[PDB]
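J.: Dropping the structure in here first, questions after.
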Amino acid sequence: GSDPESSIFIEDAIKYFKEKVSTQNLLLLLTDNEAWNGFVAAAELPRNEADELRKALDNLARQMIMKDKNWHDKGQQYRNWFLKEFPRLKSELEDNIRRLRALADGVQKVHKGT
């Protein structure tokens with residue numbers, strides 16, 4: 001009754017990243033540092049959950065990196081950033097994650113949002 005509830009947000013965000021988002025798509029968010037910060041800095045997430053998210057996704061990635069060199073194979077998920085950020089923007093990944101975060105606060109309300 002005086003907690004951030006980051007853990008709930010992490011597990012339920014990983015559900016959004018595994019069920020709603022493809023693994024091959026989230027690995028391209030993880031591989032590039034500016035892409036991940038483009039998500040987190042937009043979502044304004046504290047370093048605690050900011051890391052716990054990518055670390056939980058890095059356990060999903062931990063089993064992959066043993067055989068997959070796809071991380072630096074060619075680097076071209078798409079030929080342009082326009083082609084990447086057009087079906088959905090990094091602010092949409094942020095939006096859906098801010099929903100999950102404010103739902104964690106929706107249970108707790110110690111972090112005085114509204």
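Within each chain, counting starts at residue 1; across the structure tokens, chains are named A, B, ... in the order shown, with ligands numbered 1 upward in that order.
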Which residues are close to region 10-23 of chain A, i.e. within 8 Å by only C-alpha atoms, leaving aside same-chain residues fewer than 4 positions away? Reply as a count of residues only.
T.: 9
J.: Need the shell around residue 72 (chain A): protein/DNA/RNA residues with any atom at most 10 Å away, counting only C-alpha atoms. Skip same-chain ones fewer than 3 positions apart. Format as an mmCIF file with C-alpha atoms, in the first residue's frame?
T.:
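Result file follows (part_38.cif):
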data_model
loop_
_atom_site.group_PDB
_atom_site.id
_atom_site.type_symbol
_atom_site.label_atom_id
_atom_site.label_comp_id
_atom_site.auth_asym_id
_atom_site.auth_seq_id
_atom_site.Cartn_x
_atom_site.Cartn_y
_atom_site.Cartn_z
ATOM 1 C CA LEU A 28 14.816 -4.906 -33.320
ATOM 2 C CA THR A 31 19.159 -4.371 -30.513
ATOM 3 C CA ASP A 68 20.624 -16.313 -33.971
ATOM 4 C CA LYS A 69 23.212 -13.765 -35.261
ATOM 5 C CA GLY A 75 20.535 -4.527 -39.736
ATOM 6 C CA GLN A 76 17.854 -3.674 -42.382
#
J.: Considering only C-alpha atoms, return as a list in words whatever protein or nucleic-acid residues lie within 12 Å of residue 35 (chain A), sequence-local ones (same chain, fewer than 2 positions apart) excluded.
T.: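 Near neighbours after the sequence-gap exclusion: residues 25, 26, 27, 28, 29, 30, 31, 32, 33, 37, 38, 39, 40, 41, 42, 54, 81, 84, 85, 89, 90, 91, 93 and 94 of chain A.
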J.: Give the helix (DSSP H, G or I) residues of region 60-93 of chain A, as assigned by DSSP on the backbone, as a ChimeraX atom specification.
T.: /A:60-62,81-84,90-93
J.: In terms of the shortest atom-to-atom distance over only C-alpha atoms, which of A:79, A:70, A:48, A:88 is closest to residue 9 (chain A)?
T.: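 Among the listed residues, the smallest separation from residue 9 (chain A) belongs to A:48.
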